[PDB]
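Results of the structural survey
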Amino acid sequence: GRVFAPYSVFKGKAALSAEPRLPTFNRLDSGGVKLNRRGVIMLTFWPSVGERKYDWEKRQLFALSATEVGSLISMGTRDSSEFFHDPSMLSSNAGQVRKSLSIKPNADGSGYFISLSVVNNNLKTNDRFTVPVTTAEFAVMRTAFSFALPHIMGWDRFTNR
Amino acid sequence: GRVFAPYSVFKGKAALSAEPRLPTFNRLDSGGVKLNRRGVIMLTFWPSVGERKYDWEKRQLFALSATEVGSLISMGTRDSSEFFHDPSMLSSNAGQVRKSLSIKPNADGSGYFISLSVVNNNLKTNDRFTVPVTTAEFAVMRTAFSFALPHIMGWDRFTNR
Amino acid sequence: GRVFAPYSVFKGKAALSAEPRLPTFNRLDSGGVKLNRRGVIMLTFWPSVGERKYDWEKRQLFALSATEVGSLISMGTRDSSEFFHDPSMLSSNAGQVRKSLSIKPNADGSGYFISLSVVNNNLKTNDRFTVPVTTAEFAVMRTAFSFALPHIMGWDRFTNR
Amino acid sequence: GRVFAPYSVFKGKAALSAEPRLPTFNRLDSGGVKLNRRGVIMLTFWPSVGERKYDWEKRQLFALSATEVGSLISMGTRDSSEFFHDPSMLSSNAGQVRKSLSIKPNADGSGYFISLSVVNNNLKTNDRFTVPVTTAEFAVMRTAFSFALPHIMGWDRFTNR
Amino acid sequence: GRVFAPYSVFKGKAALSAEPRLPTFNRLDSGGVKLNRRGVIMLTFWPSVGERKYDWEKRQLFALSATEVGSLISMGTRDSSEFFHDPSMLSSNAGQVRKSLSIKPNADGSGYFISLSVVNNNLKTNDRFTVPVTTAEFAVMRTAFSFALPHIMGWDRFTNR
Amino acid sequence: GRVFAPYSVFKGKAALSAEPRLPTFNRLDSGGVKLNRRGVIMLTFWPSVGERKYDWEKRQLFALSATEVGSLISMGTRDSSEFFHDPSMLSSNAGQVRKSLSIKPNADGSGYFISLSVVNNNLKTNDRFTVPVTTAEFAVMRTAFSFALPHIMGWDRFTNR
Amino acid sequence: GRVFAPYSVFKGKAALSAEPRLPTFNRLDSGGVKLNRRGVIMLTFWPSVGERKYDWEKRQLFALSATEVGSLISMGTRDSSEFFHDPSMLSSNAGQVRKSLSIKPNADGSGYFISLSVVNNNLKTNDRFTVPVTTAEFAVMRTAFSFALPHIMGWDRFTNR
DNA sequence: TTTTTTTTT
DNA sequence: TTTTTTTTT
DNA sequence: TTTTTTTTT
DNA sequence: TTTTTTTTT
DNA sequence: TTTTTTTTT
DNA sequence: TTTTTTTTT
DNA sequence: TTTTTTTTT
DNA sequence: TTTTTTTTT
DNA sequence: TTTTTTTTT
């Protein structure tokens with residue numbers, strides 16, 4: 001069964017939602033189990049249309065990888081990072097859409113700006129959702145992401161009984 | 001059932017793979033359970049033959065102990081460590097093979113070099129696999145290794161229901 | 001009567017013009033006066049076509065709000081800020097055009113770069129005008145903007161005779 | 001005769017190639033020689049399609065000017081710069097295409113990120129190639145660019161025999 | 001044949017041009033070659049009449065000596081120097097014209113001011129051309145001047161084949 | 001014609017020799033010229049048999065690449081680097097021989113230790129030549145290597161006449 | 001043909017002259033070329049007899065070696081060095097003449113003192129020429145010496161066409 | 001003898 | 001047009 | 001008893 | 001394949 | 001008397 | 001042309 | 001909907 | 001394909 | 001006139 005327990009932050013111009021997507025496994029003929037498709041921490045961004053109302057139809061997704069999560073949780077208060085993704089990588093229609101996620105601290109040190117840029121050369125679109133993240137909110141993510149990290153890696157299968 | 005969920009890092013001249021090996025337990029006649037063989041975090045190194053293709057036949061293994069993992073996760077950005085192992089320790093043919101694993105930070109501080117040296121006085125061989133590890137990648141290990149530590153120790157058996 | 005006294009800075013690839021737009025007031029039936037539409041400090045950017053000649057047809061506007069002006073005048077030499085606007089906010093055709101104004105100090109500390117990015121998903125356009133601003137020129141703005149701040153707020157109506 | 005000796009750096013998502021383009025000279029009627037068209041250090045970027053294979057058809061070029069090279073070679077480890085170009089400057093169809101090249105140090109100080117953004121308002125395209133440059137690789141450029149600087153300026157014509 | 005490849009910087013009130021003048025040599029009767037007249041790095045300054053148009057008729061020249069170039073290239077960002085010349089030195093009409101070239105860093109550290117003062121007691125004139133020089137532009141000079149230094153000294157004649 | 005002008009340093013237990021190996025070029029059918037095989041700075045090490053006499057028969061070679069030279073010349077007094085090579089890389093008999101060159105500063109700061117380790121799993125040999133390099137001697141290399149860098153890259157073909 | 005392009009500094013009690021002496025080569029029977037006699041940067045000192053007139057008959061020479069030049073160019077403003085030479089080294093009449101060249105910074109940091117001591121136990125003479133060298137003058141040497149270094153080493157023979 | 005490879009003209 | 005001069009081969 | 005609300009599957 | 005060993009229930 | 005010029009309404 | 005909205009007199 | 005790929009049991 | 005332009009001999 | 005020597009092709 002699917003599970004919907006998003007950690008969501010709602011703000012001025014956009015909302016930010018984060019929830020883990022588990023790995024898929026293939027049961028070998030040997031009898032063992034082998035991790036197939038990798039888990040991620042899925043990020044969802046969507047725009048605020050009107051006053052404290054958001055347009056879920058206009059959402060964009062960004063899939064944090066094991067490493068990227070590893071990079072996010074280890075950031076100092078002064079650090080910043082930026083990830084670049086091609087949704088249709090290695091496939092017939094690559095280079096067409098380009099996503100970038102950036103985490104920069106703000107001046108005050110009262111947290112970060114997390115923004116998702118999406119450039120689409122097929123539909124000729126340019127989207128950008130930025131959400132402010134307090135120290136407290138980002139602490140939730142770091143702790144929740146750390147917790148989730150071994151699971152998206154499939155390391156929660158290694159258990160004594 | 002066996003489980004295959006390796007955290008793997010692929011790089012220039014070698015690849016590095018890490019996955020936990022659980023402890024074995026013996027069920028006492030008393031009724032209780034006693035930890036027998038200890039768990040480890042197994043490290044696998046193997047060479048890159050050709051372009052982004054690796055020779056799995058030429059792999060070497062190194063078994064991180066509870067303590068060694070404890071040493072690895074507590075390293076500062078400036079720290080370095082080195083472990084020495086004899087695969088055939090206390091056995092009939094010891095001193096013949098000698099493994100050493102070293103973790104040194106690189107100049108930049110952009111992570112570490114993790115190399116596995118293997119000297120074999122029987123086969124008269126000398127092998128060395130070095131893999132670069134970004135801050136993000138090493139953060140995955142620290143978090144994944146911390147998670148795994150209580151399990152390889154068998155402490156995950158201590159649970160309320 | 002309208003008044004045209006722009007503070008303008010002309011430079012390599014673009015020109016920058018700044019002038020206040022007063023608030024509108026509605027005369028209450030009570031007899032008093034009530035501020036209706038808010039004042040702004042209007043910014044105009046336009047491109048340099050040819051040698052020291054500029055294409056006024058290609059201008060883009062950005063309306064500084066009371067707060068944003070407040071943010072601009074209080075910047076240290078090392079500080080930087082960025083504002084995001086949707087011209088057609090809360091209206092039928094929002095999210096389509098997106099403006100961002102950024103003020104970053106340059107390396108030397110010899111002032112700032114003020115750039116106006118305009119992304120238009122209807123016309124499928126992407127515009128960007130950057131103008132260098134010396135310490136002296138930015139001092140004009142800070143002082144002129146401070147002077148203008150109470151007026152765009154309508155606080156100049158509070159006067160003893 | 002033309003000469004093809006590119007210094008090239010191949011990386012994850014794009015490759016970076018640098019080679020000098022000499023100045024052109026016009027032989028005066030006086031008998032002397034006069035530099036006509038200026039030399040540049042040409043930069044080529046192109047995308048990685050598939051695994052360690054790159055799409056040369058999708059390349060973009062950026063022409064470093066004497067001054068820009070001068071700016072690049074004098075950068076400290078902590079410095080960053082950004083250049084803006086209009087391929088069709090002063091011509092009938094300007095403002096349509098806009099290139100920007102940025103050199104920012106990365107966190108670690110293990111070099112820089114060199115990225116080339118290309119926005120095309122005619123074809124309605126938005127391209128961006130980023131390549132990581134180690135300290136060693138950037139040292140090659142600085143030294144190679146310094147060497148090349150007097151030549152693209154035409155100063156190698158001033159020689160005693 | 002003469003060669004015209006000036007490095008030129010154009011600015012508000014004046015332009016600055018720099019190009020090497022090679023040494024002259026006298027072929028000894030012994031068969032060898034002897035450096036006669038010394039090389040210099042010639043500097044040309046001229047005024048801006050009208051808008052981005054300059055009056056080449058009003059130019060003044062200043063001849064950098066081996067040593068002076070040596071002094072210029074070794075300047076720190078905070079350093080400043082000043083050279084004094086008498087065009088008609090040791091000749092019948094000396095003390096009449098007096099040139100001084102000064103290089104002072106500007107406040108910001110965004111480069112230097114290079115000005116050429118010319119006082120002429122015969123024509124009763126006093127001229128002064130000041131040009132601002134960015135870090136990048138001055139880096140061109142330092143590198144170009146270093147390159148040129150051995151040539152104006154005639155050291156480029158010392159070559160193995 | 002071949003040219004033999006080695007910069008050589010002779011010391012206690014080994015000697016160190018450095019000389020550039022130019023790139024090879026292929027003359028295109030187009031008429032142009034294309035760099036084929038890359039240039040290197042070749043390093044030769046050999047042992048001292050007896051008193052100030054060396055065994056040239058026991059030499060080992062290490063080919064510095066453009067990048068590696070770039071890395072060497074940019075080293076601070078406190079920096080250290082290490083390069084790893086497989087003579088028979090991508091060929092039928094790879095992984096068999098492994099060379100490593102290390103440059104570590106010595107305690108005093110009176111220069112560096114440059115050592116070449118060679119492990120040969122076919123002949124079952126392990127060789128190591130270490131040579132001390134004063135600040136002055138290493139300054140020769142840095143300057144000589146910088147000079148040589150553009151040539152091994154083939155950038156000396158880009159010349160105005 | 002011989003070439004005479006000395007960089008000379010004239011001062012109170014002595015003058016200092018510096019010019020490169022190229023290496024000699026022997027053309028092998030193999031067809032190649034082999035560096036025979038090494039190049040040097042020759043230093044000449046001579047006394048000032050009378051007022052700004054110098055006694056060229058009383059000159060003394062000192063031959064800078066590749067390494068010594070390497071040592072000279074890498075000196076900090078605070079550093080000092082001293083070289084010792086025996087003109088008739090390894091020959092029948094050694095130990096008789098002893099030259100020493102010293103470069104010490106002066107108090108102010110306004111350059112260095114370069115002095116050449118010559119003790120001759122055959123003629124029973126003791127000579128000493130000291131010349132002051134401004135920062136600018138020493139900058140000429142460093143740059144001119146760096147330029148000359150690859151040539152006296154014979155590395156200028158390694159050229160692509 | 002030499003760490004290779006990626007993309008053109 | 002250009003700050004010169006000092007000492008050789 | 002508990003600060004709520006915003007958007008899906 | 002894996003550095004082991006020490007002491008219980 | 002005053003360093004000017006660039007683009008509108 | 002311009003990021004809006006919230007609460008009075 | 002989601003940046004992929006490399007090597008086993 | 002490439003940001004241009006300004007001033008000579 | 002010049003600090004030399006070490007090892008090849």
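Residues numbered from 1 in each chain as written, not as in the entry; some residues may be left out. Chains lettered and ligands numbered in written order. Part of a larger assembly, values for the part shown. Heavy atoms only, no water.

- Looking at the entry header, you'll see X-ray crystallography listed as the method and 2.650 Å as the resolution.

- Chain A carries the name Protein StWhy2 in the PDB entry, which gives Solanum tuberosum as its organism.

**Some remarks on the overall build of chain A**
- Within chain A one finds two helices and 10 strands.
- Secondary structure of chain A in N-to-C order comes out as β-β-β-β-β-β-α-β-β-β-β-α.
- Dimensions of chain A, computed from the C-alpha atoms along their principal axes, are close to 55 × 40 × 30 Å.
- Out of the 161 residues in chain A, the part that is buried amounts to 46%.
- A sequence separation of at least 24 residues applies to 45% of the contacts in chain A between residues at least 6 apart.
- On chain A, roughly 8300 Å² of surface is accessible, and the fraction owed to carbon and sulfur atoms is 53%.
- Looking at chain A, you have 21 positive and 13 negative side-chain charges, and the mean spots of the two groups are 3 Å apart. (Helix = DSSP H or I, 4+ residues; strand = E, 2+ residues; numbered from the N terminus. Buried < 20%, exposed > 50% of the residue type's maximum accessible area, 1.4 Å probe, protein only. Contact = heavy atoms within 4.5 Å. Areas by Shrake-Rupley, 256 points an atom, 1.4 Å probe, with all protein chains shown as cover. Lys, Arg positive; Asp, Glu negative; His and termini not counted. Charge placed at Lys NZ, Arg CZ, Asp CG, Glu CD.)

**Comments concerning the relation of the copies chain D and chain F**
- Superposition record for chain D on chain F: RMSD 0.0 Å, screw rotation 90 degrees, translation along axis 0.0 Å. The superposition operator between the copies reduces to a four-fold rotation axis. Closest to the rotation axis within chain D is the C-alpha of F147 of chain D, separated from it by 6.1 Å.
- Here only 11% of the interface residues in chain D have copies in chain F that are interface residues too; the copies meet through unlike faces. (Least-squares fit on C-alpha atoms.)

**As for the interface of chain A and chain B**
- With 24 residues of chain A at the interface, the matching set in chain B holds 28 residues.
- Interface of chain A and chain B: buried area, both sides summed, is about 2100 Å²; carbon and sulfur atoms make up 68% of it.
- The three residues of chain A that bury the most area against chain B are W155, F158 and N160 of chain A, which together make up 41% of that side's buried surface.
- Linking chain A with chain B are zero salt bridges. (Buried area = accessible area lost by both parts, 1.4 Å probe. Salt bridge = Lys/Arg side-chain N within 4 Å of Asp/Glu carboxyl O.)

**Overview of the protein's contact with DNA strand I**
- Taken together, 24 residues lie around DNA strand I, and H85 and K99 of chain E together with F4, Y54 and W56 of chain G are the ones closest in.
- Measuring from a base nitrogen of DNA strand I, one finds a backbone N or O atom of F84 of chain E at 3.0 Å.
- Contributing elements (two or more residues each) for the surface near DNA strand I: β7 (60-64) and β8 (81-85) of chain E together with β2 (7-10) of chain G.
- No other element matches β7 of chain E, which puts three residues into the surface near DNA strand I.
- Tallied by class, residues from the surface near DNA strand I come to 15 nonpolar, four polar and five charged. (Near = heavy atom within 4 Å. Polar contact = N/O pair within 3.5 Å; in protein donor to acceptor, adjacent residues only side chain to side chain. Nonpolar A, V, L, I, M, F, W, Y, C, P; charged D, E, K, R; others polar.)

**With respect to the pairing of strand β6 (residues 60-64) of chain C**
All names here are of chain C.
- Residues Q60, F62 and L64 point to one face of β6 and are all buried, whereas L61 and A63, pointing to the other face, are not buried.
- Both strand β5 (residues 40-47) and β6 contribute to a ladder of five bridges, which runs antiparallel. By the bridge assignment for β6, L43 is matched with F62. (Pairing = 2+ DSSP bridges.)

**Regarding the interface of chain D and chain F**
- Contacts between the two partners involve 28 residues from chain D, matched on the other side by 24 residues from chain F.
- Taken together, the two surfaces of chain D and chain F that pack against each other cover about 2100 Å², and 68% of this comes from carbon and sulfur.
- Of all residues in chain D, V3, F4 and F147 of chain D bury the most surface against chain F, accounting for 25% of the area lost on that side.
- In this assembly, chain D and chain F are joined by zero salt bridges.
- At the surface where chain D touches chain F, the tally comes to seven residue pairs in polar contact.

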